[PDB]
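Novice: I would like the atomic coordinates for the input below:
(chains A, B, C and D)
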4 protein chains.
Amino acid sequence: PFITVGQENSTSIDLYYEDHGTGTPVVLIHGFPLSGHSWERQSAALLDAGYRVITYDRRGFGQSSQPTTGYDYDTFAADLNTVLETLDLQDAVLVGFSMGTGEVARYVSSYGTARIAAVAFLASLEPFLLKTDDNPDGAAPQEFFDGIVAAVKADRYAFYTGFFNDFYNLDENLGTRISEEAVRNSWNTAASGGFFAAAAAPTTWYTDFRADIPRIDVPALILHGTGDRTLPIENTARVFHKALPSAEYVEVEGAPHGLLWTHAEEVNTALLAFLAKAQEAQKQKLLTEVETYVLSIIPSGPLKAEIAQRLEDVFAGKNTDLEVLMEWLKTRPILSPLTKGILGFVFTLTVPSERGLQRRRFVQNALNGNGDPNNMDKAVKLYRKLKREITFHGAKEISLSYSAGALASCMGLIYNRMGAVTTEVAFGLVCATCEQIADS
Amino acid sequence: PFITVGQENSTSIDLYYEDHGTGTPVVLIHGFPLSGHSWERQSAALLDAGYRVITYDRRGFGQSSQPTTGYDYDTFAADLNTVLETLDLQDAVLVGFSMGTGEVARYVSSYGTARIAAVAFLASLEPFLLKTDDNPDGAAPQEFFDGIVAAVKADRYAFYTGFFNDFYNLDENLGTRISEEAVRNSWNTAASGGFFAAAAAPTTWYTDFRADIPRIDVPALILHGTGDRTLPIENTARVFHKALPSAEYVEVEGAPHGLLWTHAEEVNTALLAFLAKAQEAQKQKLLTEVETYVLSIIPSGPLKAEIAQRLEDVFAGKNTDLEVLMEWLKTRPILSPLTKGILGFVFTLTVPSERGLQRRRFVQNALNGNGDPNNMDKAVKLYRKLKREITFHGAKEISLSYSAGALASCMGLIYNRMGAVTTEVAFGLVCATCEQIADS
Amino acid sequence: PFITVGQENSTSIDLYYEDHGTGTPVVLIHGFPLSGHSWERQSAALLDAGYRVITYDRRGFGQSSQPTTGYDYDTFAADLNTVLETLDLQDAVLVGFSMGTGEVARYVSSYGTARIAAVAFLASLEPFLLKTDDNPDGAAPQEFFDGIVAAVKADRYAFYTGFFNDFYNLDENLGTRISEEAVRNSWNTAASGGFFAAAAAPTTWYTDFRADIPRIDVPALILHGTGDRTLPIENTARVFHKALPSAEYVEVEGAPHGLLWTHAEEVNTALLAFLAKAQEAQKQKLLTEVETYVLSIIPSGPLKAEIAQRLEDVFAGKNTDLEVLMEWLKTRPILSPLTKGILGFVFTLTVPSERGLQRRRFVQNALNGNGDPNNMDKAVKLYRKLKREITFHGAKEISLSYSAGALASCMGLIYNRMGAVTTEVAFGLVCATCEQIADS
Amino acid sequence: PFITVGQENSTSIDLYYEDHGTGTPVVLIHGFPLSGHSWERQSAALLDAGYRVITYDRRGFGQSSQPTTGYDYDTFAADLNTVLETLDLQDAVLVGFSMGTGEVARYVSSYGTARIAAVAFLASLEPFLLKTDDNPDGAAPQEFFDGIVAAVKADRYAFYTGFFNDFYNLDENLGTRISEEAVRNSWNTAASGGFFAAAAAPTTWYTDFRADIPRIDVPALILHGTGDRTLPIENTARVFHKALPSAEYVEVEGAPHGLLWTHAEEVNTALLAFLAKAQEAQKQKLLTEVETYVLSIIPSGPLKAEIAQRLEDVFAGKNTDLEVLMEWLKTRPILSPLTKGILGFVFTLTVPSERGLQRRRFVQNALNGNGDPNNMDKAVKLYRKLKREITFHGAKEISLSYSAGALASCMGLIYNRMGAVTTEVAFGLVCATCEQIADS
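Specialist: Residues are numbered from 1 along each chain as shown, chains lettered A, B, ... in the order given. Provided below are the atomic coordinates:
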């Protein structure tokens, strides 16, 4: 699979990518000089944990196009922007490794955390690798990095051998945490890259990310191995942690630079923990908003309390039976049809195991919108706008411009499956629908 | 007249209804097995007392469609909801009889007292007719009602005869409080209903309204005859009063179930009294609304206080001289001509005993405004709509769509008596006229 | 069938009506408290006599809407005007009974005798029922009529029983001129009316029609029963006859107020006689139009005179032989085939005793229209239009839009019995066919 | 509810009708001089037995328009044709009573048994009522029927009293099988009819249906009471049975003419029996055709036998669980996806209790038709044709003109509910789909 991110001469610039699993999107950005396949230990684990795993190869790396231009983090982040927008990812988590951490920082800084839910930095470059007067916490001076580039140019293939020696800390880990064959594969992947990209990449390492750091508002994770030879812990993660004190800090003892493979177990644990915490965190702040809006239309009484409890339960993950819930709704007294319709919409949307229940008659007739063609016309016009929308807050504002009658029909369009909108947008509509009704 | 409330197969479900008189809306919901025309003695009285009478026939009864589905109080209340929304009734009073009391209870409970000002329950079913363990205050057990259903199914035409015998307490009241011809007509109305609806209706009588009662927040009236054979006073109204202590309780001595006709005099008296309280309450809220809107355009000062006092005085009924007020208005400094015009319009409209005073020059020239032909044309365009309008809330809503200049000219059209609109509508215009001026 | 005559609140005011038969329009306006179906004995007779019978129910009566407004003869006459204009009746005869006579007088006075050919007053109210100083020939004073209204308000259903007792003179006529079942039905019709209309109607009875009477210029008929209890002959018809001496005066001895049923034979005879003078007058004007049109296509000579004579003879009712006429037509040397066809069509259409004569070959071959499939298609399109049509002038106008070739084939459709149109419409077609031929 | 069947003058001719329940359509055609409501004893029973009950009032009867034309069985049958086509009824059963039997015979004869599944004749007129030389088995001569018409014309209301006396055999059945009130209601219904229609109807009774009888190919039922006074058993049903020996013959001992009410229990039993037998009979001949076609695509083996058995079971009414069936299908080896798709389509279509199962992923992906827009285009073109189609044999022929790929997508359109076609047509498509696949 490919995504076009540019054009170089007669050819176009496409990035190889992979989209696996179902759930919240987790984007994995590889490091030098490998490819998306490097994440295989994480990808396998993330898929088991019910996530949607998205990986892609940086330009001039792996199966991606190998142009001779655009090897800078402004272009790298621009490419990532294309990827996220092309796939239209929302509420996604960015995870970067080595070079990949730079892309995360720059994108967040340059494009905003609209589509972003959280960020993770594994074996980070941040904040600044270059050792200068203004930055004494740098790893090495300019002359040093110039040596690396010249080494790659000398013999690209022979360079890789020595590179992976310190990448994995082979003297320690070979035969223990990484096999001979595994390294062999890493080398093949390295050779598979672009000759130009190979020597162009090291110049990007001394990028000044110090200005990018403050723009990080989403929850963050900083992971790094103490035995990191490529990017010394004290010149990278430790000073990075001072720049971003809010971030969850994890130091893996004795882990090398390529800890993604060697210390995969420690990495997965920390990562899956951070993801699960950030996931439940964004569910609660979103669902409590949905709860208050939905409860706003239900008349005060013992029934209102009963509804709120069952709502909290499904939100908590207490997967209650849906056939029972829908029947409880259907046979419930004092509930208005529209209220039953709205709740029916919410329950099918929030309940995981859909079990296999047909779009209920009582829900469809509530959402039909009396059969007014004027209501059906406004509903489609709104549906077009919601297809473009991504944020929950953004979806509610544009929906509020429409009448309560038009909103009900729009919900009906989606429920009947004549419409395909994201859950965050779907929640925006229902809350906006509740808001208009609440003002009556 | 019909209102579509649903659809059954190839056919649609329409309810026959009637809309008479001008004033506060009073919805009359008939009982089994009659129709809206049963209220004729109350309707005649209510029309004389300056109310807006709305009656409709339940599905499968009278002139309404006779479907073979939807014979439950959730469907009955949904039908009522459609009627109220179709007519866009606001600050209305619901009055139910026999089965009709169930509709009132369920609607208020399920849809809220948004459009409702007050409720009345005559010969109520509430709270629960069924005699069970948890409900010993029931009138009769399950087996009994099963007998009635089977009795109707056996021969509904023969059933009606025996039914009306206890409905009117004919051994007592025939030839005294009800004539043979009156009963004869009632029988015709009964037979005119649906065969299915006839046997489907008794199953609804043992509905549990105990959960619906607490949701009644609007002022309530509970009326019931002591000689009620169909719905025994102690198993219905008396225990209903314990559930709803706020309600005005009236016990009509020796009255049967069909007291609407037999004891019509006692019923009208009690009902019109209860209604008058709700009527005078919203009349006052109308004048306070006009006051606040009119005062909104007057600039703050001692003159504003002076105007507000004279406004309160005329609203209170204090016979102020009109020639004096108008001469006072004409000679006031600080006041804009349009402001003087609006006030002049309000004063001629509200001040009693106009004593034959010719249309003031200063008011006519004030309302003319710009002299813009767009203002003049739209004013006539608006005037046509206002002649059809009847409600204050309805008149204010449609008037707001017009520019402030067009509204001023529209008031001028009416002032020159080239127009004839009701006082409630006239007030809608001035408030809308005041609203536009304040918002610029 | 309904005709909208106004609007009351959310509902519209529609009048139930019936349009039967083909010929000169006869409008039958019922009295209190019945409906259009009351004329059923007259309608049956009038339909036999080849009239177009139009009946409608007054507002709040029979199957018409039951509003609580517009119960005055100015509104009643306005409704009648709407009916006449909606149906676009021309040269029609108005026949009124009881209350219905008031509508006739008022409409004629207020709207003019433009569409009216003649008028009839059966059991009239005219000229003035109220007994005052200026009008001593009144039947009863103000106080009396106030009693009737109060009587209806007390119990309209019980009122109906006592009303029909004097309406039909049951002590005399029951079991002789009117059956128990017939009265039963009359009672049902009364109860079916509006409760408001019932008590509102009597106040209209003492309307002053004295100024309306002189405005009657069309030929008039005044019929009344001597045994009329409701409207005493001397206070009504006798003084009415002095006001309108030109009118044809008929006094049915011993007939009650509801003589329409009891003395139906005497009523029908008198009515059909008066009507026949106006009907035969309009039949001739139709036939003279057809004659001029048919003769228009025949070339000048002795033959033209012969045809005109034979046309006058069949129009006059002189039973000429058809077998002879057709053989005479077939054998003419200077007559065009189309001309022979048209005349043949006319003769079969106008000759009563067709005597079982088979569809002539020579006429069929003339009307076939050269068997052009294009001509045959246009003829069917016209036939569809003529199937909806009823008037002669209306049928002629829409036919003129078609080519002479298309018209001839359409006549062929009807002649061959592949088409079914009324005689008035059929004449419209033939006249339209002649007009096109005359213009070449 | 109304259906327009014609036009008379300014008015249109509409028939009042009722459509209740879900299942195979059973049309109930009332007799003289009643209306559709007369069937109430049958309608209640048929609805319990899960049928779709359709009743309508003949022109000039009940709530239908009352024109003065078209009172002949060619027009009556034309009206019935409009009703069946307007509602688009297919595989329906016609049931006639008294006059209603004539409509059934004529429609079948004139319009064919395309939409008809079976026919029933209760208290039939057939074959010929008129007593002449050529028909000695007639009930009465011409002069006799002329007497009946004149009796109605004499006094329509008084006629009904004597009519219902022999209609129900009141001397026997009154107070036993029919109540005083029930007859009263029948009289009201009689009076409700048209005055013209009342006297016009008896002339239709001596219609010669002898030519209509042979055209009856669908299964027939002839029911008649021996105590029938109106239509003597020997002059009607007995000679009718000789004309139609294939018909199921039922003689109800001592039943009068209006046995629909009096002997309702005996009538329902016989009728529900005949319907159930004719219903299962048309299911078997249709389903065995579906079975052979569906099995044609399944490869021979033990799986083929297993499928056939489960198919026979669901066809027999052995309502097996659908969640289990679909899971059995999904987890079944050797079954192709398209085969699983086709079977999935058939099972959801044939299984009554849908239970509430979502359109399965495995079924949708099989029916998608690879996503070719050309296949989706042809599928819609076919869908338009199938919407017009009614017969199973008719639906298969027009579908065969389309490719197997286009057919699969068309089935997918219906399954996803983007399409609404009748079950007989739906079966035509699947069989046609199987036929194309079978030829590969």
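Novice: let me see the backbone angles for residue A:334.
Specialist: phi 60, psi -10 (degrees, to the nearest 10).
Novice: ok, now how distant is the residue of chain A found nearest chain C from residue B:103?
Specialist: Closest to chain C within chain A is residue A:370: 17.0 Å, counting by CB to the nearest CB. For every residue, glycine as well, the C-beta is placed using N, CA and C. Distance check for residue A:370 against residue B:103: by CB to CB, to the nearest Å, it reads 20 Å.
Novice: these two: which is more packed in?
Specialist: The neighbour count for residue A:370 versus residue B:103, taken as other CB atoms under 10 Å in any protein chain shown, is higher for residue B:103 (23 against 14).
Novice: which SS class is that one?
Specialist: Assigned with DSSP: H, G, I helix; E, B strand; the rest coil, residue B:103 falls in the helix class.
Novice: give me the nearest residue to the residue of chain A closest to chain C, chain neighbours excluded.
Specialist: Closest residue to residue A:370 apart from its sequence neighbours, by CB to CB, 6 or more residues apart in numbering or on different chains: residue A:405 at 7.3 Å.
Novice: same question, residue A:387
Specialist: Nearest residue to residue A:387, sequence neighbours excluded (CB to CB, 6+ apart): residue A:421, at 6.4 Å.
Novice: got the contact list for that neighbour?
Specialist: If a contact means CB atoms under 8 Å, 6 or more residues apart in numbering or on different chains, then residue A:421 has A:383, A:386, A:387, A:389, A:414, A:429 as its contacts.
Novice: pretty sure the first one is touching residue A:412, no?
Specialist: No - contact status for residue A:383 versus residue A:412: not in contact, 10.6 Å apart, counting by CB atoms under 8 Å.
Novice: which of the two has more neighbours?
Specialist: Neighbour totals were compared for residue A:383 and residue A:412, and residue A:412 leads with 24 against 18 (other CB under 10 Å).
Novice: is it true that that one touches residue A:369?
Specialist: Yes - contact status for residue A:412 versus residue A:369: in contact at 6.4 Å, counting by CB under 8 Å.
Novice: okay, and the common contacts of the two?
Specialist: Listed as contacting both residue A:412 and residue A:369 by CB under 8 Å, 6+ apart are residue A:379.
Novice: the top strand by length along chain A: how far from the chain's middle?
Specialist: Ranked by residue count under DSSP state E, the longest strand found in chain A is strand A:11-20. Centroid separation between strand A:11-20 and its chain, computed with CA atoms, centre = their mean, to the nearest Å, is 18 Å.
Novice: buried ones among the contacts of residue A:421?
Specialist: Applying 16 or more other CB atoms under 10 Å in any protein chain shown to the contacts of residue A:421, the neighbour count classes A:383, A:386, A:389, A:414, A:429 as buried.
Novice: which SSE is the first one in?
Specialist: If I follow you right, that is residue A:383. Using DSSP states H and E, the element containing residue A:383 is helix A:373-388.
Novice: likewise the fourth one?
Specialist: According to DSSP H and E, residue A:414 maps onto helix A:404-415.
Novice: tell me the helices and strands packed up against that helix.
Specialist: Under the contact criterion of 3 or more CB pairs under 8 Å, 6 or more residues apart in numbering or on different chains; DSSP states H and E, helix A:404-415 touches helix A:337-350, helix A:361-367, helix A:373-388, helix A:423-439.
Novice: just how off-centre is it within its chain?
Specialist: For helix A:404-415, the distance between its averaged C-alpha position and the chain's averaged C-alpha position is 29 Å (CA atoms, centre = their mean).
Novice: in it, what counts as buried?
Specialist: Of the residues in helix A:404-415, those buried under the neighbour-count criterion (16+ other CB under 10 Å) are A:404, A:405, A:406, A:407, A:408, A:409, A:410, A:411, A:412, A:413, A:414, A:415.
Novice: could you give the number of residues near residue A:265?
Specialist: Counted by other CB under 10 Å, the residues lying close to residue A:265 total 11.
Novice: that one: what secondary structure?
Specialist: For residue A:265, the reduced secondary structure class is helix; criterion used: three-state DSSP.
Novice: and chain A, which residues reach chain D?
Specialist: Within chain A, the positions lying close to chain D (CB under 8 Å from any CB of the partner chain) are A:323, A:354, A:356, A:357, A:358, A:360.
Novice: run the last query once more with 6 Å
Specialist: Within chain A, the positions lying close to chain D (CB under 6 Å from any CB of the partner chain) are A:356, A:357, A:358.
Novice: phi first, then psi, for the closest residue to the second one other than its chain neighbours.
Specialist: If you skip the residues right next to it in sequence, residue A:357 has residue D:356 as its closest partner in space, 5.2 Å away by CB to CB, 6+ apart. Per-residue torsions, residue D:356: phi 120, psi 40 (degrees, to the nearest 10).
Novice: shouldn't residue A:126 be in contact with residue A:240?
Specialist: Yes - under the contact definition of CB atoms under 6 Å, residue A:126 touches residue A:240, with a separation of 4.6 Å.
Novice: wasn't residue A:224 part of a strand?
Specialist: Yes - following the definition three-state DSSP, residue A:224 is counted among the residues of a strand.
Novice: please name the bridge partners of it.
Specialist: residue A:251 (DSSP bridges).
Novice: and it, how far from residue A:31?
Specialist: Using CB to CB, one gets 13 Å for the distance from residue A:224 to residue A:31.
Novice: may I have the helix holding residue A:383 as PDB, with CA atoms only?
Specialist: Output for helix A:373-388, consisting of C-alpha atoms alone and laid out as PDB, is shown next (Å, rounded to 0.1, in the frame of the first residue of the first chain):
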ATOM      1  CA  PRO A 373     -39.000  16.000   2.700                       C
ATOM      2  CA  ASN A 374     -37.800  19.400   4.000                       C
ATOM      3  CA  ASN A 375     -36.400  17.700   7.100                       C
ATOM      4  CA  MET A 376     -34.800  15.000   4.900                       C
ATOM      5  CA  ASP A 377     -33.200  17.600   2.700                       C
ATOM      6  CA  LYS A 378     -31.600  19.500   5.600                       C
ATOM      7  CA  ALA A 379     -30.400  16.200   7.000                       C
ATOM      8  CA  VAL A 380     -28.400  15.400   3.900                       C
ATOM      9  CA  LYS A 381     -26.900  18.900   3.800                       C
ATOM     10  CA  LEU A 382     -25.700  18.400   7.400                       C
ATOM     11  CA  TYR A 383     -24.500  14.900   6.700                       C
ATOM     12  CA  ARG A 384     -22.200  16.300   4.000                       C
ATOM     13  CA  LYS A 385     -20.700  18.700   6.500                       C
ATOM     14  CA  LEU A 386     -20.200  16.000   9.200                       C
ATOM     15  CA  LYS A 387     -18.300  13.800   6.700                       C
ATOM     16  CA  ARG A 388     -15.700  16.500   6.600                       C
END
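Novice: in the helix or strand following it, what counts as buried?
Specialist: Counting by DSSP H and E, the element after helix A:373-388 in chain order, helix or strand, is helix A:392-399. Of the residues in helix A:392-399, those buried under the neighbour-count criterion (16+ other CB under 10 Å) are A:392, A:394, A:395, A:396, A:398, A:399.
Novice: quick one: the helices in the stretch 51-200 of chain A?
Specialist: Taking DSSP state H, counting those that start in this stretch, the helices of the stretch 51-200 of chain A run over residues A:73-86, A:100-111, A:142-154, A:156-167, A:170-173, A:180-191, A:195-200.
Novice: what does the longest one contact?
Specialist: Read it as helix A:73-86. Contact partners of helix A:73-86, identified using CB atoms under 6 Å, 6 or more residues apart in numbering or on different chains, comprise A:3, A:5, A:56, A:102, A:103, A:106, A:107, A:110, A:111, A:115, A:207.
Novice: that concludes my questions; thank you for your assistance.
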